Amino acid sequence: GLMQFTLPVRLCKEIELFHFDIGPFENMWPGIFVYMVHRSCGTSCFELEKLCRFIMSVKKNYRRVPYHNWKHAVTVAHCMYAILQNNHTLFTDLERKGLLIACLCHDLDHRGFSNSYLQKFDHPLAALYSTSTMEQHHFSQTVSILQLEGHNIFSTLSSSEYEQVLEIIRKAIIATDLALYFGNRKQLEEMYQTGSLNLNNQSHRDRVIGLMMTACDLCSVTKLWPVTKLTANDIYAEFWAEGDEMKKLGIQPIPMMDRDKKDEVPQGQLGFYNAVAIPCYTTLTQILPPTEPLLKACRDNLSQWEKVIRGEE
Ligand SMILES: Cc1ccc(Nc2cncnc2)c(C(=O)Nc2cc(C)nn2-c2ccccc2)n1
Ligand SMILES: [Mg+2]
Ligand SMILES: [Zn+2]
């Protein structure tokens, strides 16, 4: 049990800031995760043998795609770690447990295509899960991995704690469906402004954990500008591949996905930040004030994209 994971000085200190980049050495990322779990959760909460075996099976089930890959999985888990460490006393044992696991698994087996594309293509996954298609698939992949031999990292929870944790995870993963985010943030904004928001109302915590999963998922926009700008090339690599594929079904795709409309990415990044990202981090900062660093970095990046449009870069 005294087998504590350690990090070099720069990473040890920078892992605590919201804007940490996990780096380009892929073989350090399992340890950055085990490090985050031990400090967030405790070192007795997972059997190290089972946790490492689970981590490796999860990484194996992330594909080689430009954005929705293993690096994204770990990067979303680091944002979650930073929210939990900045809000120590607000979450329970099972909640810290489930959520970091939910972040690592949340895009399991992503092929790099949206829900819209799966339904236009008439993929069999669209027949099985008529809404939040990929997200119900991600949760399914998580349960299968948890049921492999030697992978059940929750084995020592009681039947009731186990049911509670799977349920925290399923709801955390379903929430990453951005189609559900718009609704969820509006309701949190209405509860916040009327002062009815009650973190004892389980239905209310579920909404808050939802918004946290949006925040962690979009956190590439909260990075220092060189990291955000470079991650934007990976996201657009995927969008343009989907657009290519839309055109092979004979569907003209939305400007976001058309590689012939690269000129409009700067203006399209403004609307994304104004319609999705800025409100996300604003409402999250209203509910959890210590997550303010994410809104400040998200606004610095908007300014940077405004500066691109004015040809100052
Ligand atoms: C889900 C998601 C995650 C990350 C995203 N970007 C990103 C930027 N910088 C660094 N890392 C990542 C983007 C993104 O660029 N979105 C987007 C652009 C436009 C014109 N529209 N949208 C959009 C997409 C879905 C719903 C509403 C609007 N989307
Ligand atoms: Mg996803
Ligand atoms: Zn994601």
Side-chain angles (χ1 to χ4, degrees), residues 58 61-73 76 102-145 166-167 169-187 206-207 209-211 213-221 231-262 264-265 267-269 271-277 279-280:
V58 180
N61 279 278
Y62 273 97
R63 295 184 183 270
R64 292 185 187 108
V65 290
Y67 177 80
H68 292 106
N69 46 41
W70 178 228
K71 181 162 195 183
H72 176 61
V76 173
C103 281
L104 194 75
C105 294
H106 80 279
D107 274 330
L108 260 169
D109 196 28
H110 205 282
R111 333 291 181 94
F113 293 110
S114 76
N115 287 339
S116 314
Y117 179 68
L118 290 175
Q119 269 184 40
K120 289 163 190 171
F121 183 85
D122 198 8
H123 188 288
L125 281 175
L128 190 53
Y129 313 117
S130 63
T131 58
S132 308
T133 302
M134 282 306 302
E135 290 78 24
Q136 291 190 70
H137 186 53
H138 303 314
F139 175 70
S140 183
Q141 294 281 268
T142 313
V143 168
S144 292
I145 286 170
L166 262 294
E167 188 80 47
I169 296 166
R170 175 184 79 69
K171 287 166 196 172
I173 293 192
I174 296 307
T176 58
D177 178 358
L178 209 61
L180 300 173
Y181 145 80
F182 290 97
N184 180 54
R185 180 208 65 83
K186 299 157 195 166
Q187 269 276 232
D206 285 352
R207 288 193 176 277
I209 289 167
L211 179 63
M213 286 301 297
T214 312
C216 295
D217 204 11
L218 298 185
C219 75
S220 287
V221 308
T231 310
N233 305 325
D234 294 329
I235 185 81
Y236 273 94
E238 284 192 12
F239 284 165
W240 294 344
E242 187 169 316
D244 282 1
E245 295 297 325
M246 278 302 177
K247 302 191 201 146
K248 297 183 198 174
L249 296 180
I251 308 169
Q252 253 293 131
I254 65 172
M256 187 198 319
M257 291 190 189
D258 192 358
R259 66 175 66 243
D260 305 308
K261 315 208 178 167
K262 298 192 168 44
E264 310 159 342
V265 167
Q267 186 58 48
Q269 284 292 293
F272 180 63
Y273 272 73
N274 291 318
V276 186
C280 174

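Positions are given from 1, in the same order as the sequence printed here. Just the heavy atoms: all of them, side chains too, but no hydrogens, waters or symmetry mates, feed the values below.
Panel note: side chain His138, backbone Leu108; a donor-acceptor pair is recorded below 3.5 Å.
For the atom pair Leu249 CG and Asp122 CG, the distance stands at 10.0 Å (nearest 0.5 Å). Atoms OG and CG, from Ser144 and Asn61 in turn, are 8.5 Å apart once rounded to the nearest 0.5 Å. The distance from the CZ atom of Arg207 to the CG atom of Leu180 is 10.0 Å, given to the nearest 0.5 Å. Rounding to the nearest 0.5 Å places CZ of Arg63 at 11.0 Å from NE2 of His110. Annotation: the span from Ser114 atom OG to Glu245 atom CD amounts to 12.0 Å, rounded to 0.5 Å. Taken to the nearest 0.5 Å, the OH atom of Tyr181 stands 9.0 Å off from the NZ atom of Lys186.
Among all heavy-atom pairs drawn from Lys247 and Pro253, the shortest one is CG-CD, 3.8 Å. Contact detail for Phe113 and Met134: the closest heavy-atom pair is O-CG, 4.2 Å. The two atoms that bring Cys103 and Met213 nearest to each other are SG-SD, 3.7 Å, heavy atoms only. The shortest non-hydrogen separation linking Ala175 to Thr214 is O-OG1, 4.0 Å. The shortest heavy-atom contact between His68 and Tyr62 is O-CD2, 4.1 Å. Between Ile235 and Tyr67, the closest heavy-atom pair is CD1-CD2, 3.5 Å.
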* Just do the side-chain contact (heavy atoms from CB on, under 4.5 Å) check on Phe239 and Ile254 with the steps written out, would you? => CA-CA 10 Å; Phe239 284 165; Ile254 65 172; over 6 Å; no

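Using a 4.5 Å cut-off on side-chain heavy atoms (C-beta onward), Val76 and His106 make contact.
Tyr236 pairs by the side-chain hydrogen bond (donor to acceptor under 3.5 Å, both in side chains) definition with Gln269, not counting sequence neighbours. Annotation: side chain to side chain contact (heavy atoms under 4.5 Å, CB included) contacts of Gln119 (sequence neighbours excluded): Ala126.
Contacts classified as side-chain hydrogen bond (donor to acceptor under 3.5 Å, both in side chains) and involving residues 126-137 (residues at least two apart or in different chains) are given here: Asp109-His137, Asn115-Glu135, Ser132-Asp177.
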